[PDB]
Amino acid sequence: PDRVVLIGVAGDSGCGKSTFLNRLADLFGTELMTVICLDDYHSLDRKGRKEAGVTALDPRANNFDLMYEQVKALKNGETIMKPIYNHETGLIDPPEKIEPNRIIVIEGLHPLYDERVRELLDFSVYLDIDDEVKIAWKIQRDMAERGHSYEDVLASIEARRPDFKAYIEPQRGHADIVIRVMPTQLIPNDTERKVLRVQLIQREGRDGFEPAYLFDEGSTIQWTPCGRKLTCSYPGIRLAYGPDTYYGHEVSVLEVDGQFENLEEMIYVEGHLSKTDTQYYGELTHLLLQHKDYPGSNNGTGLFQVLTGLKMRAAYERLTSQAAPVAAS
């Protein structure tokens, strides 16, 4: 059976605008993977939302019944006629023809919201970014190309909180992996807002998914690779691993704080991680340095985005007994 694998990606970065999906495209290519933006399943257009007094985050603005049916149909090998939500006009355009593929990624705000859709997913990721980090990034991006559109991100964050906490964040409890970004604990008065502390919160007991760990599985460790063999500059790099309870479930949290200045630092860290699901030594570093221009390229953000990708590849190859798709040259 030509099996269709389904991947869910929860996040607030907008459709086609996250670096994680670019990294997935680098890994799996674009020929045998199709990405579906879940804003296409809005039951209410922009005017309709205003009329109703609800935001896009509200479940009532979204059609989960149609979502379930068309995603179920795709996994069952059927072609679908899915709607297109135009973000510019704020209208719902005529359906698009989407055929099945080896991998189907559903991306958006509510991929893990409905019980029925959850059960169709084979792997899932929630990208949890701290408000302050999101804001600091927006200023750095604005600084580069002279955009100055960060005051609207601030407005958006504050006003979204109620609906974000109500309907978006609880999906973290159902995600296999949660990449959690937040400010550093290595620097006392962080003014630059550059150095990040990132957590890979991995769900236990999901058959066909072995969490990555450091040193000893199921025990708690704090590690600093800087020392005799590796020279870092202040504040350096610090890892942490340990078991924890997240949304009432057992998880295994792998954590990196700091910035990678160079190759040696990246490989030294990669080499000492366990069950990273790399197919050869140095694949994370190799994949991470593929596109150094991406944000998070020199810290835990990129590292864990890539690592998550490998865990999907593992899941795919387990379900199909076949090699996963790859990007061309």
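Don't overthink the numbering: it's just position in the shown sequence, from 1.
- Legend: mean Cα B-factor per stretch from the PDB entry, 287 to 295 versus 65 to 73; the higher mean is in 287 to 295.
- According to the PDB record, 180 to 188 carries the higher mean C-alpha B-factor of the two stretches 180 to 188 and 163 to 171.
- Of the residues listed, 255, 128, 122, 151, the entry assigns the biggest Cα temperature factor to 151.
- The entry assigns its greatest Cα B factor, within the set 262, 43, 55, 301, to 262.
- Placement of the Cα temperature factor of residue 249 within the chain: lowest third of the modelled residues, per the deposited record.
- The PDB entry assigns residue 107 a C-alpha temperature factor belonging to the lowest third of its chain's modelled residues.
- Per the deposited record, the Cα B-factor of residue 25 falls in the middle third when ranked against the other modelled residues of its chain.
- Sorting the modelled residues of the chain by their CA temperature factor places residue 35 in the lowest third.
- In the PDB entry, a CA B factor belonging to the lowest third of its chain's modelled residues is recorded for residue 309.
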